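I have placed the structure first, in the form of structure tokens, so that the comments after it can refer back to it.
Throughout, a chain's letter reflects where its sequence line sits, starting with A, and its residues are numbered from 1.
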Amino acid sequence: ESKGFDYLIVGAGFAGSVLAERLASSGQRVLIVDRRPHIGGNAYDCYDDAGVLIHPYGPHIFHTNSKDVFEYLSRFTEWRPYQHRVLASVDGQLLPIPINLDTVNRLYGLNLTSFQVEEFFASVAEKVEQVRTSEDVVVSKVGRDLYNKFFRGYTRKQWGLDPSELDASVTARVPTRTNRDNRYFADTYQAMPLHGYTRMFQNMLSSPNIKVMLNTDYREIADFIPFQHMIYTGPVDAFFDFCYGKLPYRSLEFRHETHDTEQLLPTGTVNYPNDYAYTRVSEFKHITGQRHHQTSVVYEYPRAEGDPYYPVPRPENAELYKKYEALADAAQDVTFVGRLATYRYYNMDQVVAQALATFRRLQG
Amino acid sequence: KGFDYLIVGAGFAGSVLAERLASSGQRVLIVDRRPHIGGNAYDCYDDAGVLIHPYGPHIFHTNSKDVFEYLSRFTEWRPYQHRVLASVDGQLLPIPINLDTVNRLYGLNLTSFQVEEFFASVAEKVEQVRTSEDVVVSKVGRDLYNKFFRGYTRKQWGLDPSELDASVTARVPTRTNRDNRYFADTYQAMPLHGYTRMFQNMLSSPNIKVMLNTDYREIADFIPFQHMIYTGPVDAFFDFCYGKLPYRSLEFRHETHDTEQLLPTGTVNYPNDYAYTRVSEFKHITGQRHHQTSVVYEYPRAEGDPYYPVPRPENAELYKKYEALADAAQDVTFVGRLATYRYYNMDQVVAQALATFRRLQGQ
Ligand SMILES: Cc1cc2nc3c(=O)[nH]c(=O)nc-3n(C[C@H](O)[C@H](O)[C@H](O)COP(=O)(O)OP(=O)(O)OC[C@H]3O[C@@H](n4cnc5c(N)ncnc54)[C@H](O)[C@@H]3O)c2cc1C
Ligand SMILES: Cc1cc2nc3c(=O)[nH]c(=O)nc-3n(C[C@H](O)[C@H](O)[C@H](O)COP(=O)(O)OP(=O)(O)OC[C@H]3O[C@@H](n4cnc5c(N)ncnc54)[C@H](O)[C@@H]3O)c2cc1C
Ligand SMILES: O=c1ccn([C@@H]2O[C@H](COP(=O)(O)OP(=O)(O)O)[C@@H](O)[C@H]2O)c(=O)[nH]1
Ligand SMILES: O=c1ccn([C@@H]2O[C@H](COP(=O)(O)OP(=O)(O)O)[C@@H](O)[C@H]2O)c(=O)[nH]1
């Protein structure tokens, strides 16, 4: 039709890359761009100095209930079945989280059945008018003491806020159980890409219709490169030059280490609600299924400043986003999709859905 | 506006130049039709977790202190002296041919001093040496030429050593000593973490934008650039106006085995057997520790991606006709193995690029 590209996609993570593949399979000329020197966004993996497969930006475990998302992804990767399991260091023990029958019995030295632990949870639970805060969701189900041990400290360390300063959506992510299930997810499809996300993303972007541009801020090229439409997957407040001020995103620092032993942790991840500066340690071999004479772990330190990783879900922040959203829905030739761009605390599968949905919209 | 340079190809040629140009403040756009950087020297991890080179074994070696020190700013080193065995007469023998090759082959017991006289007694004298047959035959004799060189060369090029310039089979000198190293260079070492990691450091500058999966022709029309550095094949750049320049290609067959070690050295050559010219085992080269092993067999091909220029008098003439157009380009600089039609090693390409950088700065 004209010079340049039909689409200019800003960001090569799940949001941007899914659309890039859909548009290009549809015959669109697509330029995908990322300020980072690699594709895959947060989900990027690679081999470290020791030859172990890791995630530079923390542990990404894939899980979904969407047969459609799982089948779409199945087009670009084979799978390694895996059901993630997390232990929480509490009172010098490693207990299951989410809280379940075993957590209670092990913590207090009880012997409740699955039927009795309901009466117990009910016997300590705090009555809450209406549930609004992350404090509310937890305390109204399992009571004050279990809240202090598992949720209050972790949350304050992770967010820099009390759970009461956070939307109930936040801690509602980790629901309590009364059975003896110890998986962090009870999703239908739990599995990791056989050869890593990066290999999966490379297939996703392999069309002749797709051009990949790296180490590039869209603003550096958007001036002299012709494109008929733009898909932005970065932060919003930044897209509109913070005109309304800074939309708060919580950040992280990662400290990777390699140990001359086959196994360091009992599970993929151990949470630290009450001790240490880090929130958790992850061991990639548990996740990937890789065999190696050594192992590599990563420690996560929450940070107020740095690359945005988490939207900060709270009443005041929801308001501030709306104003930016208004500008966004107003943007004539720009479509906003992704965790950062639409300010949603989304998992990988959720972003893939929202991207696939957005694709269908771009075709009436 | 736009970029000061458009660099076509992210191999050694383009990457060294990207780095040098960017370092001096220039805005660079390096592009490649491949999905990765590094060109031929690109390495990666296979499904088994073994570090391999998708495009055949790349072993770094050099006599140039300046090239090694330049590269040393983007990678650490694993000292490595590549050793190659040739499968001849049912034995695994040292190549280049040396004292031990001859002694073991013919069941002799010569000293270094005697083997000079032996080679002399079998050598066919050639008045003026012009072909790959001459260089070999005029030194080691007809028989040894047949065992190690003729079969291999015919298989690799589809040409007889006599139809190739003396420079081809001259890359493999004959020895009278007992040195079994393939190279005798001063600096022989591998990038500690592979080439890709090194390239990544070479292209880390904020003044470098990287475009992959892109042929320059797809963006040349709407992207502003003041000068172009071209590292691809020459004939393709001028749309084959003088007909096609002969390049030689390869097919690679990669295998993984459930054993720690398959071969006795990094590479085994087959001058006289099989459809492949050689077999390589990457662990000997990388030094990686793994419970399994990955090898690659190389099959010479007439058609495919260009890997080797074909050094012969009629091909020199043809290239010159293209080299003439290249010089009249005025805003395109040609550099590399493919772009200047030279059978260059990695270190030679780096030198060529560093030199070209100097010329461009007037230095
Ligand atoms: C620590 C951590 C752990 C996680 N664990 C899980 C998990 O276990 N399971 C799960 O399902 N999900 C997990 N996730 C969530 C998952 O990462 C997200 O669902 C996913 O990253 C969403 O991708 P996205 O494309 O929307 O955003 P992103 O992955 O962040 O992609 C945005 C990209 O755009 C680029 N960009 C931004 N601005 C510009 C610009 N101006 N110019 C050019 N490029 C730009 C950025 O560099 C970035 O690469 C985790 C996330 C984090 C941070
Ligand atoms: C099988 C094999 C084994 C080798 N072993 C050794 C060794 O052991 N030791 C050693 O020192 N050297 C070795 N070499 C030689 C070494 O690989 C080269 O010297 C080196 O690759 C030089 O890189 P280059 O940048 O000049 O060319 P290349 O690496 O080929 O880079 C050229 C790039 O330009 C791109 N390109 C071309 N045309 C276009 C276009 N139209 N649009 C966009 N992109 C384009 C190509 O995709 C390619 O990536 C070996 C070579 C081969 C083939
Ligand atoms: O052991 C835990 C695990 C979770 N959380 C809270 O639940 C939220 C969601 O945790 P999840 O692991 O699902 O989020 P992630 O960090 O993985 O993105 C966290 O931010 C915490 O506030 C907690 O308090 N204790
Ligand atoms: O065992 C050998 C090794 C090399 N050669 C000849 O020497 C040339 C250069 O060998 P080299 O190993 O340097 O080629 P490359 O590794 O670049 O493919 C080849 O083309 C062959 O013609 C040969 O005949 N037998």
Mutual orientation of the aromatic rings belonging to [X] and [Y] [parallel < 30°, tilted 30-60°, perpendicular > 60°]:
X         : Y         : answer
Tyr230(B) : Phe237(B) : tilted
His84(A)  : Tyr82(A)  : perpendicular
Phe62(A)  : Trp79(A)  : parallel

So does [Y] get a backbone contact from the side chain of [X], meaning a donor-acceptor N/O pair under 3.5 Å?
X         : Y         : value
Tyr195(B) : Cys44(B)  : no
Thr196(B) : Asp43(B)  : yes
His60(A)  : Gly58(A)  : yes
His63(A)  : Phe185(A) : no
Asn65(A)  : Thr188(A) : yes
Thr233(A) : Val10(A)  : yes
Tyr324(A) : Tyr244(A) : yes
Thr77(A)  : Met200(A) : no
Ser251(A) : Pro308(A) : no
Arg250(A) : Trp159(A) : yes

Which pair of non-hydrogen atoms, one from [X] and one from [Y], has the smallest distance, and what is that distance?
X         : Y         : answer
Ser26(A)  : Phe359(A) : CB-CZ, 4.4 Å
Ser206(A) : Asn203(A) : OG-O, 2.9 Å
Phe336(A) : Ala331(A) : CE1-CB, 4.1 Å
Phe70(A)  : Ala191(A) : CE1-CB, 4.4 Å
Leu265(A) : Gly268(A) : CD1-O, 4.0 Å
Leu203(B) : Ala18(B)  : CD2-CB, 3.8 Å

Using a 4.5 Å cut-off on heavy atoms from C-beta on, say whether the side chain of [Y] contacts that of [X].
X         : Y         : value
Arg339(A) : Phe14(A)  : no
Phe284(A) : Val298(A) : yes
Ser282(A) : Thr269(A) : yes
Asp237(A) : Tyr343(A) : no
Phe201(A) : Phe76(A)  : no
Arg197(B) : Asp49(A)  : yes
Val170(A) : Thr133(A) : no
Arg344(A) : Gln350(A) : no

Those residues that, when tested against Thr288(A), pass side chain to side chain donor-acceptor pair (under 3.5 Å) (two or more places apart):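 Scan of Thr288(A) (side chain to side chain donor-acceptor pair (under 3.5 Å), adjacent residues dropped) gives none.
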Residues that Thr258(A) engages under side chain to side chain donor-acceptor pair (under 3.5 Å), provided they are two or more places apart: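 By the side chain to side chain donor-acceptor pair (under 3.5 Å) rule, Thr258(A) matches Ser296(A).
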Just checking [X]: does its [atom1] atom have more than 12 heavy atoms from other residues, nucleotides or ligands closer to it than 6.0 angstrom?
X         : atom1 : answer
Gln363(A) : CD    : yes
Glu78(A)  : CD    : no
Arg291(A) : CZ    : no
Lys246(A) : NZ    : yes
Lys157(A) : NZ    : yes
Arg217(B) : CZ    : yes

Could you grab the distance from atom [atom1] of [X] to atom [atom2] of [Y], nearest 0.5 Å is fine?
X         : Y         : atom1 : atom2 : value
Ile61(A)  : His55(A)  : CD1   : NE2   : 7.0 Å
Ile9(A)   : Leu23(A)  : CD1   : CG    : 5.5 Å
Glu21(A)  : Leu356(A) : CD    : CG    : 8.5 Å
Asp167(A) : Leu161(A) : CG    : CG    : 12.0 Å
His229(A) : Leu8(A)   : NE2   : CG    : 10.0 Å
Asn42(A)  : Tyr309(A) : CG    : OH    : 6.0 Å

Start with the C-alpha gap between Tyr72(A) and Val18(A), add the side-chain angles, then the distance that decides, and say whether side-chain contact (heavy atoms from CB on, under 4.5 Å) holds. CA-CA 9 Å; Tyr72(A) 171 74; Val18(A) 169; 3.6 Å; yes
Quick check on side chain to side chain contact (heavy atoms under 4.5 Å, CB included): which of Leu73(A), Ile210(A), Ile39(A) does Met204(A) satisfy it with?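 Answer after filtering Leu73(A), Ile210(A), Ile39(A): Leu73(A).
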Passing candidate, side chain to side chain contact (heavy atoms under 4.5 Å, CB included) with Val210(B), options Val28(B), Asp32(B), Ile30(B):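 Running side chain to side chain contact (heavy atoms under 4.5 Å, CB included) over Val28(B), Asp32(B), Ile30(B) with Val210(B) returns exactly one hit, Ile30(B).
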Step by step, would you call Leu166(A) with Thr171(A) a side-chain contact (heavy atoms from CB on, under 4.5 Å)? CA-CA 9 Å; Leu166(A) 287 165; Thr171(A) 66; over 6 Å; no
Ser2(A) and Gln228(A) side chains, donor-acceptor separation under 3.5 Å: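 Note: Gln228(A) and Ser2(A) side chains miss the donor-acceptor criterion.
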Do you see a donor-acceptor pair shorter than 3.5 Å between the side chains of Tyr47(A) and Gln290(A)?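 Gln290(A) and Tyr47(A) do not have a side-chain donor-acceptor pair below 3.5 Å.
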Run the side-chain contact (heavy atoms from CB on, under 4.5 Å) check on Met213(A) and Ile221(A) step by step: do they pass? CA-CA 10 Å; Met213(A) 191 156 194; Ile221(A) 57 87; 3.9 Å; yes
With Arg35(A) as reference, evaluate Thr216(A), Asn215(A), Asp217(A) under the side chain to side chain donor-acceptor pair (under 3.5 Å) test and give the passing residue.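 Option passing the side chain to side chain donor-acceptor pair (under 3.5 Å) with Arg35(A): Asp217(A).
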I'd like to know whether the aromatic ring centres of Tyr218(A) and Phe227(A) sit less than 6.0 Å apart in this structure.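 No, ring centres 6.0 Å or more apart.
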Within 45° of the axis and under 6.0 Å from the centre of the six-membered ring of [Y], does NZ or CZ of [X] qualify?
X         : Y         : value
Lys1(B)   : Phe224(A) : no
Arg36(A)  : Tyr57(A)  : yes
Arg173(A) : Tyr345(A) : yes

Audit row: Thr358(A), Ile231(A), side-chain contact (heavy atoms from CB on, under 4.5 Å) steps and yes/no: CA-CA 10 Å; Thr358(A) 299; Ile231(A) 308 190; 5.9 Å; no
